[PDB]
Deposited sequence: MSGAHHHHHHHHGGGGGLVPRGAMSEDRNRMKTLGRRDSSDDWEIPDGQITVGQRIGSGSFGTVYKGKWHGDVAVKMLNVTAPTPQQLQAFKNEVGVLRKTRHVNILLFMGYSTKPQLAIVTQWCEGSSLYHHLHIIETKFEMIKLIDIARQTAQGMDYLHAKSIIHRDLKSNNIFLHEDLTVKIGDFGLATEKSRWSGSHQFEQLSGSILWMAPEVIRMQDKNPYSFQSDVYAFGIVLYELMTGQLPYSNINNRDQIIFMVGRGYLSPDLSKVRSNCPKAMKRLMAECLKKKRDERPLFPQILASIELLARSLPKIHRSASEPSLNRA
């Protein structure tokens, strides 16, 4: 059992926000990230969202999934994980403009695919894969986190997820789409749709297939096979998109170069 008795966890600095709560740097047998819900009266919807996340996290054990360490129910609801020093991929690529070399980029892509595979093989769909939830531990190791919207943001959401025509538009291919946006971030160093200033228009056009990411913006030393892989993972039609084994095989084969 993974309940952590109160009084053990030391909450320090507020780092930011997560899915269903607030992120703090903490102390519990060392540094730990803590996502905590600042709420005196935890509504039953909240409990559920919490129960589910914990439930999913217990089922994960892999270097590329942010290591779940336990949970707390008092004084508030909390999830505890390993601390990753470094920052999110979003932070590296778009805030402090870190310039990685291509080999490092592909490695980030491989690792990111490595963990997504694990997740799916364990019949888990993330539903919220983006460069913010990918944490770059010691600037070497990839850690996918935030399994709040998980089940067993606009730019990374596939067209079918935007339309919400189906009952449940999420699938393994929806995460694949998201991951392809990550490859786009990796290889362009940029955010898609940067020449559009209007969120609504983006949402509407992606949903209708009018809009798609401009792959001509990749670095000149991005392998052709990697642009191809991007475009497979980015296909507007769900069933035309690769699954992670194929994606992995692809990147690993691309790697020798």
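Missing from the model relative to the deposited sequence are positions 1-41, 194-208, 314-329 (no C-alpha coordinates, numbering from 1).
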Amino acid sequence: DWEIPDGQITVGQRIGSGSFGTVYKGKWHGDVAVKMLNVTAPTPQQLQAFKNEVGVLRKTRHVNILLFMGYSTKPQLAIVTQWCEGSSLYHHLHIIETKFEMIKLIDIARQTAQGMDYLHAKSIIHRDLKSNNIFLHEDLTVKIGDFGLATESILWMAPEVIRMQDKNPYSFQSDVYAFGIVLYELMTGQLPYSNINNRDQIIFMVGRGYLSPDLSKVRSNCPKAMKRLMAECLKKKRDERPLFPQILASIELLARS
From here on, numbers count along this sequence of modelled residues.
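Here 124-132 and 97-105 are compared by their mean Cα B-factor, and 97-105 comes out higher.
According to the PDB record, 33-41 carries the higher mean C-alpha B-factor of the two stretches 33-41 and 60-68. Sorting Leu89, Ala178, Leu77, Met164 by the CA temperature factor given in the entry leaves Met164 at the top. Of the candidates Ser194, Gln48, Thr188, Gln201, the deposited coordinates give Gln48 the top C-alpha B factor.
Ranked by Cα temperature factor within the chain, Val54 sits in the lowest third according to the deposited record.
In the deposited entry, the Cα temperature factor of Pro169 sits in the top third of values across the chain's modelled residues. Among the modelled residues of its chain, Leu211 has a C-alpha B-factor that falls in the lowest third, as given in the PDB entry. Remark: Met226 belongs to the middle third of its chain, ranked by C-alpha B-factor as recorded.
In the PDB entry, a CA B factor belonging to the middle third of its chain's modelled residues is recorded for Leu248.
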